[PDB]
Structure formats: structure tokens, C-alpha cells
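All Cβ positions, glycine included, derive from the backbone under ideal geometry; neighbour counts span all protein chains shown. Each reported figure results from applying straightforward, stated rules to the coordinates on display, with no laboratory input.
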Number of protein chains: 2
Amino acid sequence: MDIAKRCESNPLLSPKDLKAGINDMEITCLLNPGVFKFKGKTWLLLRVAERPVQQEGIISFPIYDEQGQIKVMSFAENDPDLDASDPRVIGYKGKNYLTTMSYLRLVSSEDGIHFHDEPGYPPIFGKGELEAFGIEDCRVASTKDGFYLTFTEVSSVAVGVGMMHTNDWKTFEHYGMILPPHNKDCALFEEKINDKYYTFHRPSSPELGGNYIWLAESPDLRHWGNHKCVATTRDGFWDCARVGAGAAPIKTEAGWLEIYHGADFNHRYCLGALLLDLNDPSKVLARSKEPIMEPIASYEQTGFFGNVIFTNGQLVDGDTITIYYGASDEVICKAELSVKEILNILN
Amino acid sequence: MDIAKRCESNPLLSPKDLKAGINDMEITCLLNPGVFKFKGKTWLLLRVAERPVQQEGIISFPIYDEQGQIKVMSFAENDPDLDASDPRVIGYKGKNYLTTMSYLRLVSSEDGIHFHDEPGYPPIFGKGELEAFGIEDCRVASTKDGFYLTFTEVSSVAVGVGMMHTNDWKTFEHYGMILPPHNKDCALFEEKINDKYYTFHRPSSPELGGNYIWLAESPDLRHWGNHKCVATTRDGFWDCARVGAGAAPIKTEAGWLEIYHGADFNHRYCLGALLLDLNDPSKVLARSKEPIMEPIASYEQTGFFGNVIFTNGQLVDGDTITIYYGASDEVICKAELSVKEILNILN
Ligand SMILES: OC[C@H]1O[C@@H](O[C@H]2[C@@H](O)[C@H](O)[C@@H](CO)O[C@@H]2O)[C@@H](O)[C@@H](O)[C@@H]1O
Ligand SMILES: OC[C@H]1O[C@@H](O[C@H]2[C@@H](O)[C@H](O)[C@@H](CO)O[C@@H]2O)[C@@H](O)[C@@H](O)[C@@H]1O
């Protein structure tokens, strides 16, 4: 059922391949990159998760303090008030915490396989209360007016969506939190429709709902409204627990092709396909019954919870969709897909 | 600690005082009314919860189907897949449902104590997928351009916020779902600030957050953004479980006075006070340590879970704040408060 062609060099990047960005921290995970072209080079906007060296029987992680300087929180694994069932997000006396801090980092490549840092292009770190626990999973939308970044803003009070804009990838303009908690997986459409901007997003309901893919429209790109539920999870299927959009949708004659991701209760992530109407993106035309890509490879099965494929960035060259994705929330990888082949399955 | 003066006629309205709006349904609850003045009369925009006559050993409730016609869902009380611990919201095989369906209903009054229906002013029922489980808790904002309604839109996929507009309360314009799930308690500001519209709202986070009061800004009132966390819950306090805004804030010399509501883990709701900066409503100036109103009265303690005070509508006449509120999610009530007295406590 997997119709994906991995690059033979996978994994491309690993934690040990790069030097740490935060002082006195190791790199734990490289995952979930945004993808775009600039200066001829192919660029990756990596999510880089860092934390201190872990001592035996102690969970330690960085957080910004009141002064705004990074500090190390520590909890004992055998503490009764600690809940560390999920290694990504932990609880302690009600309040929640991340076990790492993420930031966005640029890497360029001529060939599109060997990536390295570029002098003069420093990383993007979290700023303000709402980005106190870091920023994650950035989608890059290449448009006429420039590059728009839509990413997760994490803090003790919210998992929400922020947006930035850049032309040269050196100066940045921050539009703030565009969608409130609990929301992520924001894929901005790369062109306007009926003189309006559109984006997918993925709010999470404690009750009376779930983790479904939603649509929103905007005139100025800062303010959003007229929300509509696009596609939900499916009981019994591979995408029963949660669904979410990846990168921006691809413009085709059939409709808007969207490579979304879905997972089950074992936290096994796969990729699927959504086809949507051109005039009304909220209306679904076709949807893949089975996943178009699964965590088959060995490096896609080296997780600490489940087997994870996650894409939030891709390039399109006619029929060939070049996707970059995180494998087991640890390493960066590359693969290729066929538009025609996907559309064929959706008939 | 209660600084509130109840009307002696409380309760004003009860389920049995009105005739049912939906066919073959009883009125279960009258609660949480919006308040405004029109045609000299004082108007209440009641939330009216209805369901069939309950048979022994069966929970039955109405929902709109795809066509938009009423249907009766039924569950057996002794079913192992049923969870009816909470009588308001139930679960069945993962999916959640309400035990009643709410709609909005207009009642006028000369004196402001005896309320009755007005011919030519029919009720507002839910329309579309997102209002399939009904609409609830409407705040009415009286503005220069007319009356703006902000209410909860409930369905199987979302608890969200919709907005409508009216001049005569006969014609209506629907702006759709302005804020995505899981969100409610939307209090639109009755005037602009720095040529921008502002509203409180209350998103709910499954993790990494809670039930806090938030702020959002808008240019056109349909699209919202630049979200900011205003005030959270307080561990140990009466408002440890959840907080939420009521009606629109009152313009004073000190700042924006907001009569918010808060509850504990026993689901005991009280009312408090927030004072906010005029230029920056997100910045809190003062907040009441103890509640300004509590469920003291007998009719405020006839619940089926806890003691509930809930306001989402009020009138202001100089110093006197006339609030209308739901008691035990069953009956409508009235009370009076002093601006000066509240401001005095916040010093
Ligand atoms: O772990 C798979 C998948 O999970 C989601 O994010 C997790 C984690 O990375 C994130 O820090 C927290 C808080 O936002 O949420 C989840 O635990 C995805 O959004 C993606 O990041 C990740 O690959
Ligand atoms: O019951 C107290 C208080 O709770 C909140 O609403 C509940 C219920 O009335 C509502 O139908 C569902 C779905 O929105 O949510 C809550 O269970 C308040 O918003 C208010 O309506 C109610 O008085």
C-alpha cells in the first residue's frame, strides 16, 4: 500500500550531525522540517529539540524563567506526583511541561541531500510568554508576496499557532498568535481563492469533538474566521485517533491535493491523501481509504512510543512530489511521490 | 462576601411558565439569558433547553439530522457503553452528546420583572452542521451599528462560537463560526478601541493549559486574531477549575470592569470582577480575591450537580449594574450590583 520512494541516503540529517544551538545542551531530535527554495539552494527549516545530558532516574529539561534566561527543571522518575507515561509531554501536580525545547534552524543544499548551515542565517528562537516552551513544526508557504511561516507556539497556557513573514530569511515580521489553543498543524494555502486567503488547521476538543482537520479564511492573513470542519477521524481505520494537514495543498486539475497525516491509539503515524474542491476547499471530493505511506523502513521504527512519519514541507516538480519528513521524531528523511498515481487511487 | 441584591420576585421565569417551542417536547431549563433594551421594553434572550418526556430507564434527547429535521436519540441507562455521570453531557462509545437541545427565545418586559412572548418575534433555532446540537448562552452587544450576538454553536464535531447581527430582531445576518473549538463564553466589546474590535473568549486545552479567559482583536468583526491570555484559574481559590467572561465589559474611569464567572472541582459557580487597562484590555489592573456573588439563595441550590450562578447579560444605569442570570441551570433570576462598591473592593 506504500507508494513512496525513499532516498537511498535516508537518514539525511541526525542529531549528532549538527552542533548544539543552546548553551550546555545536547541535540535530541531533528524532525518535521519546512521546505522551500531560495538563492537556487533547497532549504530546510528544521525543528531542533534540545535538552541537558540526562542523569539516571532524573528527567531534566530547559525552560525560560521570569528574567527570560534558560533554566533547568528536574523531576525524579520515581516521584509519585510525576506522570511521564508520555515522554514528549509530562505532568507534575496538574501543570504540564515539555521534555525538550524546540527552535527553528535553517540548512541549505545544492543537490538536496547534503545539508549544512549557512553563515549569516541564524536560527529562530521563541520570544514572549506564548513561545516560552519553544516553537515547532513550521510550514513554509512560498507566495508572490514572500515566505509565510505557520508554526506551533507552546507555553504553559497554550499550544497555539503563530505566523511570521520574511523575504530574505534574515528580517522577520511577527503577526502573533493567529489561532488560539488548542491548535496546530497550520497549512497556509500558497495562493488566494476568490480574493481570500485559506488555511488548514487542527484544533483539539476535550469533549464534543476530537482532532479533526479544519478550514479558515482571512482577508489580511492576520485575522481568521468562518471556520469549517473539513475531515474528521474514522473509527476502525488507521486514522482513528487523530488527523492533521501537512504542507500546503497542491493545485491540480482534479482539485486541491493535500498530503495529510493520521495516527491510531498506538501512536502509529501514516500519510494519506485528501482531494478538495477548488472553489470550496471545505468540501471533500475524494479521500484515500488506505495510507499512501507507512513507517516501513528501519529508521522509521526507532521511536520511543511508536512508528512515526510526519511531513510538513515538500517540493513539486510536475508529477514528482519531493517530501521531507521526520522519522521516529529523531532524524530527517526524504522521499518521492507521484501526483498521477495518487489521483489514480482516488477513483 | 456576597455584595449582590436579588430581586424579591426571583425566580422570574421557570420552565412551566412558558409553552414549548419544539413539537412533542417539554421545557427542561431556562437559563443564561442575553439582555438588551429595544422599543422601550427590556428584552431577555433566553436559552431554552428542551427534550422529550423521559421514560423509565431510558435517556432520550433531540438532535437535528442531516436534512435539518428533529430526531430522538435513545440510550438505556444500564448500558455498559453509556457514561451518564455528568447529566449535561453524556458519552457513548467515545462520542459525546447533550441530554437536551437549546435554542434562543425572545421575551419582553415593561417593568423588567414580568416577561412574556412578543408576537412577530419568533425564536432562533440552530442551522447547519455546526449547530446540530443547538445554540447556547448568547451575549448581546448593543453597538452603534446595531445588535451583535455571540453564542455557543454545539455539534458532534465542535463546541465553538458563532456570531449574528440584527437591527430589528426579525432579520438576521450570520457571520458563521468566528472562533473554532473548543471555545465559548464570547463577550464582544460594545465599542471600538484604537479603531479595532475586541472580544473575550474562553478556549479549553486538553493539555498544556486549561480553561482561561483570552482576548482577540478584529478589523471587520468576522475575522479574529492576535490572541492573548488575559487571566487564568488560580490553584486553591474558588476559581481553580475554570474561568470565563460573562457580558461585555463596563467602561469606567478605572478601566474595563468585567463580571466574570468561575467554578471549582465540585462545579460550584461564583461571580468575580476583573479590571483591565483601557488601551490594552489584555493587561489586568486588579482582580477580586473573593467572589462578589455566590449561590446563597435556595433557588440557586436546586441543581443536579452543583450550585450554579451564571450571567451573560446585564444593564448599567450609572452606578447600578442590573444583571440577569441563570440559577441551578433551571430558572431565570435578577440582581443588582454597585460599580463603586466593586471598584472599592479592588483597592
Ligand atoms: O510525536 C509525533 C508528533 O506528535 C505531535 O507533537 C508532539 C510533540 O512533538 C509536541 O512537542 C507536543 C506539544 O505540541 O505535542 C505532541 O506531543 C506532532 O505535532 C509532531 O510534533 C510530532 O511529530
Ligand atoms: O452547567 C453550568 C454551566 O456549564 C457550561 O455549559 C454546560 C452545558 O450547559 C452545555 O450544554 C455544554 C455544551 O456547551 O457545556 C457544559 O457542560 C456553561 O457554558 C453554562 O452553559 C452552564 O450554565
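Summary of computed values
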quantity	calculated
Rounded, prolate or oblate (a/c below 1.5 giving rounded, otherwise prolate when a/b exceeds b/c) for the protein assembly as shown by Cα gyration tensor	prolate
Selection from A:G146, A:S74, A:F115, by position along the positive dipole direction of segment A:19-163 (Cβ)	A:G146
Relative compactness, segment A:207-347, computed as alpha-carbon Rg over 2.2 N^0.38 Å	1.06
Charge dipole of segment A:110-269 about the Cα centre (unit charges at C-beta), most positive-ward option of A:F172, A:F237, A:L130	A:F237
Rounded to 5, percent antiparallel among DSSP beta bridges of chain A	100 percent
Rough spin-label spacing in nm, given labels placed 7 Å along Cα→Cβ, for A:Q69 and A:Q55	2.0 nm
For B:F305, label point 7 Å along C-beta direction: distances to other copies, nm	2.9
Residues B:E191, B:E131, B:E207, sorted so that the one with the fewest Cβ neighbours within 10 Å comes first	B:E191, B:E207, B:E131
Selected from A:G326, A:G128, A:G40 as most flexible by GNM, with chain A as the system and alpha-carbon contacts under 10 Å	A:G40
Relative compactness, segment A:143-253, computed as alpha-carbon Rg over 2.2 N^0.38 Å	1.11
Shielding of A:147-160 by partner chains, average beta-carbon count, 10 Å	3
At 7 Å out from Cα toward Cβ: A:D24 inter-copy label distances (nm, ascending)	7.2
Overall dimensions of segment B:1-119 by Cα: Rg and Dmax, Å	17.5, 54
Selected from A:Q301, A:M101, A:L275, residue furthest toward positive end of dipole (chain A; charges at beta carbon)	A:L275
Test item: Cα-centred dipole of chain B, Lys/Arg +1 and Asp/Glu -1 on Cβ, debye	500 debye
Peptide B:197-204 - average C-beta neighbours from other chains (10 Å radius)	2
Given B:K19/B:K127; A:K251/B:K228; A:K16/A:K334; A:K95/A:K228; A:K41/A:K283, the pairs whose alpha carbons are separated by over 27 Å	A:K251/B:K228; A:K95/A:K228; A:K41/A:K283
Protection proxy ranking, peptides B:113-122, A:245-254, average beta carbon neighbours within 10 Å, highest first	A:245-254, B:113-122
Check: segment A:63-113 dipole with +1 on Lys, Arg Cβ and -1 on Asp, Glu Cβ, in debye	140 debye
Ascending count of other beta-carbon atoms within 10 Å, so fewest first, for B:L30, A:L275, A:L337	A:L275, A:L337, B:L30
Whole-Å semi-axes of the ellipsoid equivalent to segment A:240-301 (Cα gyration tensor, √5λ, descending)	24, 12, 9
Within a Gaussian network of chain A (alpha carbon springs, distance under 10 Å), most fluctuating of A:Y92, A:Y64, A:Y269	A:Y92
Hydrodynamic radius of chain B per Kirkwood, over alpha carbon pairs, in Å	20.5 Å
Distance between modelled label sites at A:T252 and B:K93, nm, 7 Å Cα→Cβ extension	3.3 nm
Shape call, segment A:217-261: gyration tensor on alpha carbons, a/c limit 1.5	oblate
Most mobile listed residue (A:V230, A:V107, A:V89) in chain A, GNM with C-alpha springs under 10 Å	A:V89
Average beta carbon contacts from partner chains per residue of B:96-102, 10 Å cutoff	1
Segment A:87-211: proportion of alpha-carbon pairs further apart than 19 angstrom, %	56 percent
